[PDB]
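Structure data (mmCIF, C-alpha atoms and all ligand atoms) from start-v9.cif:
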```
data_work
loop_
_atom_site.group_PDB
_atom_site.id
_atom_site.type_symbol
_atom_site.label_atom_id
_atom_site.label_comp_id
_atom_site.auth_asym_id
_atom_site.auth_seq_id
_atom_site.Cartn_x
_atom_site.Cartn_y
_atom_site.Cartn_z
ATOM 1 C CA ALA A 4 -17.187 10.974 13.361
ATOM 2 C CA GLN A 5 -20.678 9.718 12.615
ATOM 3 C CA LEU A 6 -22.149 6.234 12.620
ATOM 4 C CA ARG A 7 -23.500 5.560 9.112
ATOM 5 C CA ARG A 8 -25.221 2.626 7.464
ATOM 6 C CA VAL A 9 -23.594 2.027 4.100
ATOM 7 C CA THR A 10 -25.776 1.733 0.996
ATOM 8 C CA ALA A 11 -25.137 0.872 -2.655
ATOM 9 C CA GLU A 12 -24.873 4.592 -3.358
ATOM 10 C CA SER A 13 -22.414 5.450 -0.580
ATOM 11 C CA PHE A 14 -20.323 2.309 -0.963
ATOM 12 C CA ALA A 15 -17.792 3.875 -3.327
ATOM 13 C CA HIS A 16 -17.205 6.734 -0.911
ATOM 14 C CA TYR A 17 -16.229 4.337 1.896
ATOM 15 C CA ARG A 18 -14.514 1.617 -0.155
ATOM 16 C CA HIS A 19 -10.979 2.853 0.361
ATOM 17 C CA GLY A 20 -11.439 3.492 4.068
ATOM 18 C CA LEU A 21 -12.993 0.074 4.594
ATOM 19 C CA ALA A 22 -10.139 -1.622 2.669
ATOM 20 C CA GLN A 23 -7.588 0.277 4.739
ATOM 21 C CA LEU A 24 -9.425 -0.734 7.902
ATOM 22 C CA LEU A 25 -9.203 -4.434 7.016
ATOM 23 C CA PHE A 26 -5.536 -3.926 6.066
ATOM 24 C CA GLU A 27 -4.598 -2.247 9.332
ATOM 25 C CA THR A 28 -6.639 -4.667 11.409
ATOM 26 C CA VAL A 29 -4.986 -7.716 9.794
ATOM 27 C CA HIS A 30 -1.502 -6.284 10.111
ATOM 28 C CA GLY A 31 -2.308 -5.281 13.673
ATOM 29 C CA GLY A 32 -2.514 -9.026 14.268
ATOM 30 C CA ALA A 33 -6.262 -9.738 14.364
ATOM 31 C CA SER A 34 -7.828 -12.876 12.976
ATOM 32 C CA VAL A 35 -10.462 -11.534 10.599
ATOM 33 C CA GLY A 36 -10.154 -13.942 7.707
ATOM 34 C CA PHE A 37 -6.773 -13.113 6.224
ATOM 35 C CA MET A 38 -3.070 -13.836 6.509
ATOM 36 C CA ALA A 39 -0.017 -11.551 6.734
ATOM 37 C CA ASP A 40 0.331 -11.655 2.935
ATOM 38 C CA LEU A 41 -2.704 -9.362 2.672
ATOM 39 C CA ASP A 42 -2.102 -6.360 0.394
ATOM 40 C CA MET A 43 -4.445 -3.541 -0.564
ATOM 41 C CA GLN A 44 -5.427 -5.230 -3.813
ATOM 42 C CA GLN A 45 -6.723 -8.174 -1.769
ATOM 43 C CA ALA A 46 -8.447 -5.799 0.680
ATOM 44 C CA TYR A 47 -10.204 -3.992 -2.222
ATOM 45 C CA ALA A 48 -11.309 -7.358 -3.588
ATOM 46 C CA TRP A 49 -12.834 -8.211 -0.203
ATOM 47 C CA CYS A 50 -14.657 -4.873 -0.227
ATOM 48 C CA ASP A 51 -15.986 -5.296 -3.707
ATOM 49 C CA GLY A 52 -17.214 -8.723 -2.686
ATOM 50 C CA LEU A 53 -19.623 -7.097 -0.226
ATOM 51 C CA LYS A 54 -21.380 -4.848 -2.683
ATOM 52 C CA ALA A 55 -24.007 -7.174 -4.115
ATOM 53 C CA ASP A 56 -25.179 -8.405 -0.732
ATOM 54 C CA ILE A 57 -25.301 -4.850 0.671
ATOM 55 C CA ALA A 58 -27.546 -3.721 -2.195
ATOM 56 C CA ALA A 59 -29.742 -6.811 -1.789
ATOM 57 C CA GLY A 60 -30.073 -6.166 1.896
ATOM 58 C CA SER A 61 -28.915 -9.610 3.076
ATOM 59 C CA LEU A 62 -25.705 -8.080 4.413
ATOM 60 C CA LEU A 63 -25.858 -4.889 6.465
ATOM 61 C CA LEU A 64 -22.758 -2.723 6.775
ATOM 62 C CA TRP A 65 -22.038 0.249 9.027
ATOM 63 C CA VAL A 66 -19.042 2.482 9.409
ATOM 64 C CA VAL A 67 -18.079 5.160 11.905
ATOM 65 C CA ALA A 68 -16.517 7.751 9.618
ATOM 66 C CA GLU A 69 -15.309 11.323 9.470
ATOM 67 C CA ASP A 70 -16.131 12.113 5.866
ATOM 68 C CA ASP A 71 -14.381 9.326 3.892
ATOM 69 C CA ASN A 72 -12.031 8.427 6.757
ATOM 70 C CA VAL A 73 -13.375 5.112 8.072
ATOM 71 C CA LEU A 74 -12.505 4.599 11.756
ATOM 72 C CA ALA A 75 -14.494 1.438 12.349
ATOM 73 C CA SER A 76 -16.995 -0.894 10.774
ATOM 74 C CA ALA A 77 -19.316 -3.827 11.571
ATOM 75 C CA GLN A 78 -21.498 -6.128 9.508
ATOM 76 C CA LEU A 79 -24.628 -8.117 10.192
ATOM 77 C CA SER A 80 -25.295 -11.113 7.947
ATOM 78 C CA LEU A 81 -28.997 -11.959 7.898
ATOM 79 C CA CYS A 82 -29.629 -15.701 7.598
ATOM 80 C CA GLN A 83 -31.607 -16.334 4.416
ATOM 81 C CA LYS A 84 -32.387 -20.011 5.057
ATOM 82 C CA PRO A 85 -36.123 -20.755 5.271
ATOM 83 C CA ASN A 86 -35.841 -21.966 8.866
ATOM 84 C CA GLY A 87 -33.221 -19.461 9.960
ATOM 85 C CA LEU A 88 -35.151 -16.206 9.765
ATOM 86 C CA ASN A 89 -34.758 -15.722 13.538
ATOM 87 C CA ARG A 90 -30.959 -15.486 13.368
ATOM 88 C CA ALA A 91 -28.172 -13.239 12.144
ATOM 89 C CA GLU A 92 -24.376 -13.422 12.351
ATOM 90 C CA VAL A 93 -22.265 -10.484 13.467
ATOM 91 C CA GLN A 94 -19.024 -10.240 11.531
ATOM 92 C CA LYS A 95 -16.114 -8.000 10.677
ATOM 93 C CA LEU A 96 -16.438 -5.674 13.643
ATOM 94 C CA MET A 97 -13.177 -3.789 13.335
ATOM 95 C CA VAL A 98 -11.812 -0.528 14.732
ATOM 96 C CA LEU A 99 -8.588 1.063 13.439
ATOM 97 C CA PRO A 100 -5.751 0.293 15.905
ATOM 98 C CA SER A 101 -5.341 4.007 16.649
ATOM 99 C CA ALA A 102 -9.090 4.555 17.161
ATOM 100 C CA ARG A 103 -9.530 1.810 19.754
ATOM 101 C CA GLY A 104 -10.433 2.393 23.390
ATOM 102 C CA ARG A 105 -12.838 5.232 22.545
ATOM 103 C CA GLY A 106 -16.147 3.377 22.491
ATOM 104 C CA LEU A 107 -16.498 2.973 18.704
ATOM 105 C CA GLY A 108 -16.903 -0.798 18.949
ATOM 106 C CA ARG A 109 -19.734 -0.388 21.442
ATOM 107 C CA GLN A 110 -21.380 2.263 19.308
ATOM 108 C CA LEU A 111 -21.395 -0.096 16.328
ATOM 109 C CA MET A 112 -22.678 -3.122 18.261
ATOM 110 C CA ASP A 113 -25.504 -1.085 19.800
ATOM 111 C CA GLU A 114 -26.657 -0.181 16.289
ATOM 112 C CA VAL A 115 -26.224 -3.739 15.036
ATOM 113 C CA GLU A 116 -28.472 -4.991 17.846
ATOM 114 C CA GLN A 117 -31.112 -2.368 17.281
ATOM 115 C CA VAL A 118 -31.296 -3.068 13.575
ATOM 116 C CA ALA A 119 -31.268 -6.874 14.048
ATOM 117 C CA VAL A 120 -34.466 -6.422 16.087
ATOM 118 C CA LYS A 121 -36.027 -4.318 13.305
ATOM 119 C CA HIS A 122 -35.280 -7.297 11.063
ATOM 120 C CA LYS A 123 -37.021 -9.562 13.554
ATOM 121 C CA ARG A 124 -33.882 -11.454 14.507
ATOM 122 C CA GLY A 125 -34.046 -12.849 18.027
ATOM 123 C CA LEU A 126 -30.623 -14.475 17.946
ATOM 124 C CA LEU A 127 -27.314 -12.789 17.164
ATOM 125 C CA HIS A 128 -24.285 -15.068 17.121
ATOM 126 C CA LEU A 129 -20.634 -14.743 16.248
ATOM 127 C CA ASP A 130 -17.239 -16.313 16.725
ATOM 128 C CA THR A 131 -14.004 -14.631 17.662
ATOM 129 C CA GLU A 132 -10.399 -15.600 18.382
ATOM 130 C CA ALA A 133 -10.275 -17.185 21.841
ATOM 131 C CA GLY A 134 -8.334 -15.112 24.346
ATOM 132 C CA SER A 135 -8.367 -12.042 22.113
ATOM 133 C CA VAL A 136 -9.348 -8.521 23.089
ATOM 134 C CA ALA A 137 -12.589 -9.130 21.190
ATOM 135 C CA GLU A 138 -13.490 -11.778 23.773
ATOM 136 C CA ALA A 139 -13.223 -9.260 26.595
ATOM 137 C CA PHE A 140 -15.181 -6.780 24.445
ATOM 138 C CA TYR A 141 -18.117 -9.103 23.716
ATOM 139 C CA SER A 142 -18.220 -10.301 27.329
ATOM 140 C CA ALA A 143 -18.309 -6.684 28.476
ATOM 141 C CA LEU A 144 -21.252 -6.116 26.100
ATOM 142 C CA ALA A 145 -23.177 -8.967 27.720
ATOM 143 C CA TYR A 146 -22.792 -11.600 25.013
ATOM 144 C CA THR A 147 -22.827 -15.185 26.295
ATOM 145 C CA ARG A 148 -19.860 -17.456 25.603
ATOM 146 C CA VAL A 149 -20.907 -20.929 24.465
ATOM 147 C CA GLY A 150 -17.453 -22.493 24.225
ATOM 148 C CA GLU A 151 -14.532 -23.001 21.827
ATOM 149 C CA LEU A 152 -13.660 -24.923 18.672
ATOM 150 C CA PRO A 153 -9.879 -25.679 18.597
ATOM 151 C CA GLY A 154 -7.800 -24.982 15.487
ATOM 152 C CA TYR A 155 -10.652 -23.058 13.896
ATOM 153 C CA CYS A 156 -8.448 -20.601 12.079
ATOM 154 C CA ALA A 157 -5.055 -19.008 12.031
ATOM 155 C CA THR A 158 -3.774 -15.663 13.150
ATOM 156 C CA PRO A 159 -2.177 -13.663 10.310
ATOM 157 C CA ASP A 160 1.150 -15.249 11.295
ATOM 158 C CA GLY A 161 -0.210 -18.708 10.513
ATOM 159 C CA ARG A 162 -0.582 -20.008 14.073
ATOM 160 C CA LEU A 163 -3.753 -22.021 14.600
ATOM 161 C CA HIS A 164 -5.962 -21.072 17.519
ATOM 162 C CA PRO A 165 -9.421 -21.806 18.917
ATOM 163 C CA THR A 166 -12.403 -19.622 18.132
ATOM 164 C CA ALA A 167 -14.888 -18.773 20.876
ATOM 165 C CA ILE A 168 -18.622 -18.841 20.052
ATOM 166 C CA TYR A 169 -20.795 -16.026 21.504
ATOM 167 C CA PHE A 170 -24.473 -15.156 21.211
ATOM 168 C CA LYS A 171 -27.032 -12.699 22.516
ATOM 169 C CA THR A 172 -30.763 -13.301 22.566
ATOM 170 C CA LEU A 173 -32.644 -10.150 21.635
HETATM 171 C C1 LIG B 1 -17.838 -11.696 15.881
HETATM 172 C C2 LIG B 1 -16.729 -10.868 15.067
HETATM 173 O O1 LIG B 1 -17.417 -9.705 14.488
HETATM 174 S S1 LIG B 1 -15.103 -11.106 15.800
HETATM 175 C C3 LIG B 1 -14.095 -9.823 15.145
HETATM 176 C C4 LIG B 1 -13.506 -9.064 16.356
HETATM 177 N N1 LIG B 1 -12.723 -7.910 15.804
HETATM 178 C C5 LIG B 1 -11.426 -7.902 15.950
HETATM 179 O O2 LIG B 1 -10.750 -8.755 16.639
HETATM 180 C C6 LIG B 1 -10.617 -6.807 15.345
HETATM 181 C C7 LIG B 1 -9.572 -6.217 16.244
HETATM 182 N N2 LIG B 1 -10.137 -5.583 17.567
HETATM 183 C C8 LIG B 1 -10.751 -4.362 17.421
HETATM 184 O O3 LIG B 1 -10.882 -3.693 16.227
HETATM 185 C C9 LIG B 1 -11.317 -3.699 18.651
HETATM 186 O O4 LIG B 1 -10.296 -4.005 19.663
HETATM 187 C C10 LIG B 1 -12.749 -4.103 19.091
HETATM 188 C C11 LIG B 1 -13.742 -3.740 17.955
HETATM 189 C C12 LIG B 1 -13.018 -5.573 19.943
HETATM 190 C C13 LIG B 1 -12.914 -3.191 20.480
HETATM 191 O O5 LIG B 1 -13.433 -1.951 20.058
HETATM 192 P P1 LIG B 1 -13.101 -0.613 20.862
HETATM 193 O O6 LIG B 1 -13.751 0.369 19.983
HETATM 194 O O7 LIG B 1 -11.742 -0.364 21.162
HETATM 195 O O8 LIG B 1 -13.879 -0.835 22.259
HETATM 196 P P2 LIG B 1 -14.905 -0.021 23.078
HETATM 197 O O9 LIG B 1 -13.880 1.005 23.195
HETATM 198 O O10 LIG B 1 -16.111 0.084 22.226
HETATM 199 O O11 LIG B 1 -14.986 -1.086 24.236
HETATM 200 C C14 LIG B 1 -16.303 -1.582 24.788
HETATM 201 C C15 LIG B 1 -15.808 -1.953 26.029
HETATM 202 O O12 LIG B 1 -15.249 -3.282 25.672
HETATM 203 C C16 LIG B 1 -14.296 -3.710 26.681
HETATM 204 N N3 LIG B 1 -12.903 -3.699 26.208
HETATM 205 C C17 LIG B 1 -12.420 -3.146 25.020
HETATM 206 N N4 LIG B 1 -11.099 -3.334 24.791
HETATM 207 C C18 LIG B 1 -10.719 -4.062 25.924
HETATM 208 C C19 LIG B 1 -9.452 -4.566 26.326
HETATM 209 N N5 LIG B 1 -8.310 -4.297 25.676
HETATM 210 N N6 LIG B 1 -9.432 -5.302 27.510
HETATM 211 C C20 LIG B 1 -10.576 -5.511 28.251
HETATM 212 N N7 LIG B 1 -11.806 -5.057 27.979
HETATM 213 C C21 LIG B 1 -11.789 -4.319 26.778
HETATM 214 C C22 LIG B 1 -14.482 -2.742 27.871
HETATM 215 O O13 LIG B 1 -15.135 -2.956 28.744
HETATM 216 C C23 LIG B 1 -15.132 -1.484 27.280
HETATM 217 O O14 LIG B 1 -16.308 -0.805 27.892
HETATM 218 P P3 LIG B 1 -15.781 0.142 29.129
HETATM 219 O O15 LIG B 1 -15.289 0.997 27.895
HETATM 220 O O16 LIG B 1 -16.750 1.198 29.526
HETATM 221 O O17 LIG B 1 -14.364 0.315 29.579
#
```

Can you dump the structure from the file as structure tokens?
Amino acid sequence: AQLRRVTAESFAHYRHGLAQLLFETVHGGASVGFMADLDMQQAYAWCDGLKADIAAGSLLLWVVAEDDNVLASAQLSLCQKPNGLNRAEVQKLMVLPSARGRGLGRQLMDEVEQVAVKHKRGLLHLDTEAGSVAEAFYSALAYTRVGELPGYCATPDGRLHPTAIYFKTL
């Protein structure tokens, strides 16, 4: 497996693997923006929705892949607001259920941080389901927990839960 930054030209190659990754992550129970009704057509639509921003460079996308087999992915959304050029949001960090516990998440976040700095972003922030494995993961990676917002979103099963806000100053 190799860590790769996705570009407009390599997007098609990774499209299916990224869609499958969202699919498996959602059905594995994670709160990443979708409900249990998620099907592959919806996952492909989500993927296609990333293409314009990836080509523009406002959204950065990485995958850890073995050829076209996508094992994990992460995204960095660069704030485009005139007064927000110091910040970026980390989103959609996901590792296939069967590829977890092997350091892929850390590999991705290390790259995300390095590239955020190249883009002169001093603040990385994100939000994740409170109490989830992701919370232990970000804490382990030295992100600082700000607090929670109750009823922020629902797990795929429809149950509302709090989201925890984390940040790291680079
Ligand atoms: C801000 C947003 O981008 S929130 C979106 C969060 N993503 C998701 O919830 C999707 C579902 N969860 C996942 O895909 C994965 O479980 C991820 C990406 C959090 C973890 O990735 P993995 O690749 O398995 O973790 P990695 O193996 O890189 O772990 C880094 C470390 O995190 C911590 N960690 C990971 N999983 C756990 C866990 N189950 N319990 C406690 N600590 C854990 C550990 O300390 C570990 O470092 P140490 O390995 O030396 O033991």

Specify as an mmCIF file with C-alpha atoms, in the coordinates of the input each residue included when the PyMOL selection byres (((chain A and resi 39) around 10) and not hetatm) is applied to this file.
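So the final result, stored in part-v5.cif, reads:
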```
data_model
loop_
_atom_site.group_PDB
_atom_site.id
_atom_site.type_symbol
_atom_site.label_atom_id
_atom_site.label_comp_id
_atom_site.auth_asym_id
_atom_site.auth_seq_id
_atom_site.Cartn_x
_atom_site.Cartn_y
_atom_site.Cartn_z
ATOM 1 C CA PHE A 26 -5.536 -3.926 6.066
ATOM 2 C CA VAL A 29 -4.986 -7.716 9.794
ATOM 3 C CA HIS A 30 -1.502 -6.284 10.111
ATOM 4 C CA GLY A 31 -2.308 -5.281 13.673
ATOM 5 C CA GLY A 32 -2.514 -9.026 14.268
ATOM 6 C CA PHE A 37 -6.773 -13.113 6.224
ATOM 7 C CA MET A 38 -3.070 -13.836 6.509
ATOM 8 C CA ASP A 40 0.331 -11.655 2.935
ATOM 9 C CA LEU A 41 -2.704 -9.362 2.672
ATOM 10 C CA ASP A 42 -2.102 -6.360 0.394
ATOM 11 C CA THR A 158 -3.774 -15.663 13.150
ATOM 12 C CA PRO A 159 -2.177 -13.663 10.310
ATOM 13 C CA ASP A 160 1.150 -15.249 11.295
ATOM 14 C CA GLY A 161 -0.210 -18.708 10.513
#
```

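In this comparison, which uses all atoms listed in the file, the residue of A:15, A:9, A:93, A:22 approaching residue 64 in chain A most closely is A:9.
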
Item checked: Residue with smallest distance to residue 139 in chain A - pool A:165, A:108, A:154, A:20, counting only C-alpha atoms -> A:108

Listed atoms of ligand LIG 1 (chain B) boxed along x, y and z, 6 Å each side, centre and edge lengths in Å, one decimal, as JSON:
```
{"center_x": -13.1, "center_y": -5.2, "center_z": 22.0, "size_x": 21.5, "size_y": 24.9, "size_z": 27.1}
```

Next item on the list: Find the residues near ligand LIG 1 (chain B). Use a cut-off of 6 Å, count only C-alpha atoms and all ligand atoms, and write them as a ChimeraX atom specification.
Entry: /A:28,33,93-99,103-109,129-131,136-137,139-140,143

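Using the PyMOL selection byres (((chain A and resi 58) around 12) and not hetatm) on this structure selects residues 8, 9, 10, 11, 12, 13, 14, 51, 52, 53, 54, 55, 56, 57, 59, 60, 61, 62, 63 and 64 of chain A.
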
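Put simply, CA of residue 148 in chain A is 7.0 Å away from CA of residue 167 in chain A.
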
Note to self: From (-26.6, -0.6, 16.0), in the file's coordinates, out to 10 Å: which residues are reached, counting only C-alpha atoms? Answer as a ChimeraX atom specification.
What the structure shows: /A:6-8,65,77-79,109-120

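Counting only C-alpha atoms, the residue from A:35, A:72, A:4, A:164 that sits nearest to residue 17 in chain A is A:72.
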
Mind rebuilding range 54-65 of chain A with N, CA, C and O atoms and writing that out as a short mmCIF file (atom, residue, chain, number, x, y, z; two decimals), in the frame of the given file?
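Generated output (out_25.cif):
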```
data_model
loop_
_atom_site.label_atom_id
_atom_site.label_comp_id
_atom_site.auth_asym_id
_atom_site.auth_seq_id
_atom_site.Cartn_x
_atom_site.Cartn_y
_atom_site.Cartn_z
N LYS A 54 -20.43 -5.70 -2.02
CA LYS A 54 -21.38 -4.85 -2.68
C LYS A 54 -22.73 -5.42 -3.08
O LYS A 54 -23.76 -4.79 -2.85
N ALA A 55 -22.74 -6.61 -3.68
CA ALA A 55 -24.01 -7.17 -4.12
C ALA A 55 -24.94 -7.47 -2.95
O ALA A 55 -26.14 -7.15 -3.00
N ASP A 56 -24.38 -8.05 -1.89
CA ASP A 56 -25.18 -8.40 -0.73
C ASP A 56 -25.69 -7.17 0.01
O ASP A 56 -26.79 -7.18 0.55
N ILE A 57 -24.89 -6.10 0.02
CA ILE A 57 -25.30 -4.85 0.67
C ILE A 57 -26.51 -4.26 -0.07
O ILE A 57 -27.48 -3.83 0.54
N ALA A 58 -26.46 -4.27 -1.40
CA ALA A 58 -27.55 -3.72 -2.19
C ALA A 58 -28.81 -4.56 -2.08
O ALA A 58 -29.92 -4.03 -2.13
N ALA A 59 -28.63 -5.86 -1.91
CA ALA A 59 -29.74 -6.81 -1.79
C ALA A 59 -30.37 -6.72 -0.41
O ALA A 59 -31.54 -7.04 -0.22
N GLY A 60 -29.56 -6.30 0.55
CA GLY A 60 -30.07 -6.17 1.90
C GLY A 60 -29.91 -7.41 2.76
O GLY A 60 -30.47 -7.46 3.86
N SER A 61 -29.14 -8.39 2.30
CA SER A 61 -28.92 -9.61 3.08
C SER A 61 -27.70 -9.40 3.98
O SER A 61 -27.51 -10.11 4.97
N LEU A 62 -26.86 -8.45 3.61
CA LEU A 62 -25.70 -8.08 4.41
C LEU A 62 -25.86 -6.60 4.76
O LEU A 62 -26.15 -5.74 3.88
N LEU A 63 -25.76 -6.28 6.04
CA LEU A 63 -25.86 -4.89 6.46
C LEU A 63 -24.47 -4.43 6.87
O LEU A 63 -23.74 -5.15 7.53
N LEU A 64 -24.10 -3.21 6.47
CA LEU A 64 -22.76 -2.72 6.78
C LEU A 64 -22.82 -1.33 7.35
O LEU A 64 -23.56 -0.48 6.84
N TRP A 65 -22.07 -1.08 8.42
CA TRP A 65 -22.04 0.25 9.03
C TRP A 65 -20.61 0.66 9.16
O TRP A 65 -19.72 -0.18 9.25
#
```
